[PDB]
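Using ideal geometry, Cβ is built from the backbone for each residue, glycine included, and neighbour counts are taken over all protein chains shown. A short reminder: the numbers here are calculations on the coordinates, not readings from a lab.
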Protein chains: 2
Amino acid sequence: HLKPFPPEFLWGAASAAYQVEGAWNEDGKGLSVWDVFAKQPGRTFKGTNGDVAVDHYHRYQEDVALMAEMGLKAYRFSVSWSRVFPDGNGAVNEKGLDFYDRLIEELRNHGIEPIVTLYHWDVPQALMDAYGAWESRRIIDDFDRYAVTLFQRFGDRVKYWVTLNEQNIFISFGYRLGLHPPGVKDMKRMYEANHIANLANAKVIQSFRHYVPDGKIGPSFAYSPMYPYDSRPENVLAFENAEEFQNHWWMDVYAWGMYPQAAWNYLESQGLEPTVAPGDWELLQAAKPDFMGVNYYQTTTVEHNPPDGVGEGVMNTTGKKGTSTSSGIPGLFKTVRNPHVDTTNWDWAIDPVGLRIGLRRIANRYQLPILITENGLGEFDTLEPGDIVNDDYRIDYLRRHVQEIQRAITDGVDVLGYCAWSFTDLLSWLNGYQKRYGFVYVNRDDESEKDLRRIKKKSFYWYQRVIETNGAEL
Amino acid sequence: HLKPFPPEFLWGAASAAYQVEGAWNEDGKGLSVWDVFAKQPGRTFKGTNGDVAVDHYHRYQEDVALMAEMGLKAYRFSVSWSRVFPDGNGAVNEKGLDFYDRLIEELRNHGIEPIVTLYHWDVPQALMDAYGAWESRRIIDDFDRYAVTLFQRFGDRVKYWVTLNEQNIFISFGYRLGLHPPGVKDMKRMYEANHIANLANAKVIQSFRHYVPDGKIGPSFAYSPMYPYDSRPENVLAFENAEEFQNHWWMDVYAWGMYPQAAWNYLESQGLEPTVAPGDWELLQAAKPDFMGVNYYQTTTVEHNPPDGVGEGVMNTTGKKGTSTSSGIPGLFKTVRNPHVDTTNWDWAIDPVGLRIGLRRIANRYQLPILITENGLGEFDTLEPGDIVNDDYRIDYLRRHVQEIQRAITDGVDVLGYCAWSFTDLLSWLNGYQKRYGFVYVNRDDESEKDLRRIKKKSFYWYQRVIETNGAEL
């Protein structure tokens with residue numbers, strides 16, 4: 001006997017501004033770091049970039065009408081900081097705020113709850129030029145000025161807010177792997193920037209309690225729960241290391257305002273622990289979120305990694321299955337294929353039980369409500385004549401994950417909502433357009449924008465039925 | 001690269017009053033529940049009981065001398081409630097207090113730190129007759145008066161205190177398995193007595209803050225850290241259930257004053273959750289301890305257990321290897337042999353890395369310092385000509401666990417001390433004398449009581465060398 005989904009459960013779908021909007025230089029928008037980075041040769045697949053994307057900026061009315069036809073309860077999107085502050089911290093661009101105002105008005109006139117993400121990786125280039133963006137404490141008050149601008153303009157109409165989207169990804173990809181802007185490969189700088197971003201998160205949650213006292217706010221963590229390979233004691237110790245180093249390192253700061261000690265000590269032994277200023281711990285501890293945002297796609301299984309062992313691994317960027325290789329931290333852990341689950345063509349594990357495990361771990365450790373801000377299947381889709389897209393593979397992935405959400409609710413996890421990634425097809429940051437996540441197919445590829453026409457996939461009508469039945473019929 | 005053991009590390013050894021004292025009816029001592037229970041035919045192996053035990057009540061001066069020869073930094077013992085209040089709640093027995101006063105003075109005169117355990121399973125039978133002992137809230141104030149009596153008399157000379165020793169054991173064994181007094185097999189009663197034992201723990205820590213403000217106090221938990229069998233999502237979920245149900249169920253109450261929610265909801269669905277009164281949560285949350293005491297022997301590996309599957313299982317008290325059977329909770333988890341560690345002949349796991357894992361889990365979840373209150377190997381010992389007991393098996397077990405402690409200290413876990421189990425051979429609760437744990441052999445077996453003479457085992461000289469080198473030579 002499963003509990004039903006609660007009556008106001010937020011059945012949602014999501015996007016991110018750079019991936020969807022286009023209009024990269026219109027109506028006074030400034031350069032973001034992704035505008036510049038994606039135009040550097042070799043940074044993105046086939047040189048794809050966000051100049052046009054799927055042109056949601058001009059076509060948002062059509063898109064919102066499709067959300068209404070689906071019956072979406074909530075739509076999660078991000079605000080492009082460079083539309084609001086073209087130089088990051090000077091005068092406000094009213095035309096930029098006016099777009100999100102038009103968008104929010106369209107959502108509310110169709111009965112859709114907006115979920116506003118403050119930051120989805122697109123800090124204005126001018127802040128990078130001025131002081132190195134997230135690597136400088138100057139960004140704390142600059143991010144706060146931007147957040148409060150949005151809180152005052154939209155707080156009357158937006159109850160749910162997300163601060164930093166996947167801080168662990170944009171910080172580690174931007175400063176450890178050099179795959180995202182600023183393209184840096186330096187663990188010391190990575191953890192310095194990470195600490196500053198923690199302070200920025202805490203500062204804007206504090207501001208939120210003043211400006212939107214009736215709202216709900218949280219960060220959105222990119223959560224891959226760790227498994228040990230087996231019961232070998234060295235592999236369980238690897239799992240202890242991996243879950244602390246990869247997940248607690250962020251979620252403990254979010255929930256408790258404290259870094260975990262074993263990870264901190266290991267970083268200290270390497271001269272990598274961040275610089276802490278007077279007042280830092282007090283700010284971080286006093287910034288309790290209303291929920292933990294969870295972006296979930298897969299679990300990760302780990303095993304013992306000797307001190308001379310695996311470091312950076314090969315990432316599957318192409319869609320050719322079986323090409324990923326182990327990555328880890330020498331002396332602590334390394335990843336290994338989970339032999340008890342299947343994987344997508346990009347070698348991502350398909351593990352819906354893992355979502356129940358992840359939701360259970362967050363409840364058990366932090367006692368926080370969870371808003372699932374991203375979950376989805378990225379796959380090639382074929383457009384069949386008749387504008388038909390039979391994505392049963394996507395339906396099956398979403399179905400099994402939503403099922404495990406309900407088992408987690410029945411366990412007692414307070415889950416506020418579920419945002420499928422993504423509503424329409426959109427630009428992937430590094431992999432172009434072919435790896436599609438949408439309920440709504442967008443007619444374009446890596447070579448041509450074609451006509452960008454929207455085509456409802458089979459999963460569109462499946463999710464429409466899920467929402468109509470509040471998830472009783474999956 | 002290992003950190004050294006801290007300079008004031010409490011190198012210790014441990015006992016429990018009923019198991020070593022004897023003198024069961026001297027100097028006004030009242031009857032405990034174990035005095036009554038062990039005399040029931042069939043409860044204990046060959047009818048062994050604690051009338052005499054190893055006669056430490058009469059031979060403590062000899063015993064402390066062997067401690068001082070070894071150079072113990074600490075000795076952990078329990079105070080017998082029924083020597084101090086023969087009736088549980090009546091008049092104090094100055095002769096009972098006098099014995100513990102003489103013992104502490106003996107320890108202090110030889111430079112040994114006393115660690116006093118308040119409760120090790122021997123509630124006075126009178127309290128059990130009057131109101132069911134741990135099933136009644138009356139035991140909270142009677143245990144508090146007992147505790148406060150010892151605090152007022154010994155607080156000046158005793159810094160380290162342990163409240164309830166292995167509360168999960170005497171609750172489970174006494175109210176679910178019927179193996180210990182009161183010999184009950186009723187899960188509803190088990191969790192009611194458990195909740196009351198939690199309130200008693202919290203009340204005496206609150207008293208300790210007033211009567212011994214310069215002292216350190218904590219409960220001691222019998223901690224078997226759980227492992228998933230493999231990276232099967234269904235087995236990892238079983239491990240989540242098991243670690244929360246078997247370990248967080250107690251340690252979260254000790255550290256945070258809250259039961260875990262998923263476990264609570266599972267018992268609620270069964271009608272098994274305890275009765276809560278106004279003021280309970282506030283009391284439990286206000287009793288933060290200075291450390292977590294840890295009795296460690298083995299880890300447990302678990303796997304998926306279908307809703308109709310394994311329930312209570314077969315224990316192995318005979319010593320014939322392989323006779324244990326899986327136990328578990330249908331729907332949640334069942335145990336399984338860990339194929340990557342060896343076991344004793346009682347099917348206990350030999351897993352020194354499991355101690356590091358467990359120490360790391362407590363620091364990571366609670367950020368508490370840890371006092372290892374009990375760890376040891378039980379085995380048959382042969383007395384060979386020349387008063388030689390070559391217990392190389394015991395040395396090897398203790399060596400590897402001590403080595404893993406050092407690694408946990410090097411990881412950043414604050415370990416306050418280590419009390420091997422046990423100092424002298426002692427009476428086991430149910431299986432007599434032949435499964436020996438001591439550094440000091442005691443001359444008696446199951447049939448022949450002999451003269452109880454003390455004999456130094458090979459492990460006595462090993463551990464003497466550990467202490468004098470502060471763990472540098474293992």
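Listing for the model above:
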| quantity | calculated |
| --- | --- |
| Criterion violated by B:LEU452 - all others in (1) at negative phi; (2) of a type outside the set (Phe, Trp, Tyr); (3) in a loop (DSSP other than H, G, I, E, B) satisfied | (1) |
| Members of the stretch B:168-179 that are surrounded by fewer than 22 Cβ atoms within 10 Å (Cβ to Cβ) and either without any contact (Cβ under 8 Å) to a residue 40 or more places away in the chain or not β-branched (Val, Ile, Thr) (or both) | B:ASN168, B:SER172, B:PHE173, B:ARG176, B:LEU177, B:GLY178, B:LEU179 |
| Some residue of the stretch B:138-151 being among the aliphatic types (A, V, I, L, M) and free of Cβ contacts under 8 Å to residues at least 24 places away in the same chain | no |
| Residue within the stretch A:142-156 that is under 26 Å from A:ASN241 (Cβ atoms), crowded, with 20+ Cβ neighbours inside 10 Å and in contact with a helix residue (DSSP H, G or I) (Cβ under 7 Å, 6 or more places away or on another chain) present | no |
| Residue list for the stretch B:180-205, restricted to those being touching a helix residue (DSSP H, G or I) at 6+ places or on another chain (Cβ under 7 Å), among the β-branched types (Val, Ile, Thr) and touching a residue at least 60 places away in the same chain (Cβ under 8 Å) | B:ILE196, B:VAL204 |
| Qualifying residue in the stretch A:414-434 (condition: within 14 Å of chain B (Cβ to nearest Cβ) and either out of contact with any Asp or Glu (no Cβ under 6 Å at 6 or more places or on another chain) or without any contact (Cβ under 8 Å) to a residue 40 or more places away in the chain (or both)) | yes |
| Flag for B:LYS3 being without any contact (Cβ under 8 Å) to a residue 60 or more places away in the chain, surrounded by fewer than 24 Cβ atoms within 10 Å (Cβ to Cβ) and in contact with a helix residue (DSSP H, G or I) (Cβ under 9 Å, 6 or more places away or on another chain) | no |
| Residues of the stretch A:200-233 satisfying the condition of being part of a loop (DSSP other than H, G, I, E, B), within 14 Å of chain B (Cβ to nearest Cβ) and in contact with a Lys or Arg (Cβ under 9 Å, 6 or more places away or on another chain) | A:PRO225 |
| Hits in the stretch B:231-247 - residues which are of a type in the set (D, E, K, R) and over 20 Å from B:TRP348 (Cα atoms) | B:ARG232, B:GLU234, B:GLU240, B:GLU244 |
| Yes/no for B:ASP392 being surrounded by fewer than 20 Cβ atoms within 10 Å (Cβ to Cβ) and of a type in the set (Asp, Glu) | yes |
| Spans of helices (runs of 4 or more DSSP H) in the stretch A:32-120 with at least 3 residues within 30 Å of A:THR317 (Cα to Cα), under 23 Å from the mean Cα position of the chain (by Cα) and not basic (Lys, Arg) | A:33-38, A:56-70 |
| Residue pairs meeting the criteria (Cβ under 8 Å; at least 6 apart or on separate chains; first without any contact (Cβ under 8 Å) to a residue 12 or more places away in the chain and more than 19 Å from B:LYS159 (Cβ to Cβ), in the stretch B:110-131; second assigned to a helix (DSSP H, G or I) and of a type in the set (A, V, I, L, M)) | B:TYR131/B:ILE139 |
| Some residue of the stretch B:423-435 being part of a strand (DSSP E or B) and among the polar types (S, T, N, Q) | yes |
| Qualifying positions in the stretch A:350-387 - over 21 Å from the mean Cα position of the chain (by Cα) and either within 10 Å of chain B (Cβ to nearest Cβ) or without any contact (Cβ under 8 Å) to a residue 40 or more places away in the chain (or both) | A:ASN364, A:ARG365, A:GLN367, A:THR382, A:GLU384, A:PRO385, A:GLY386 |
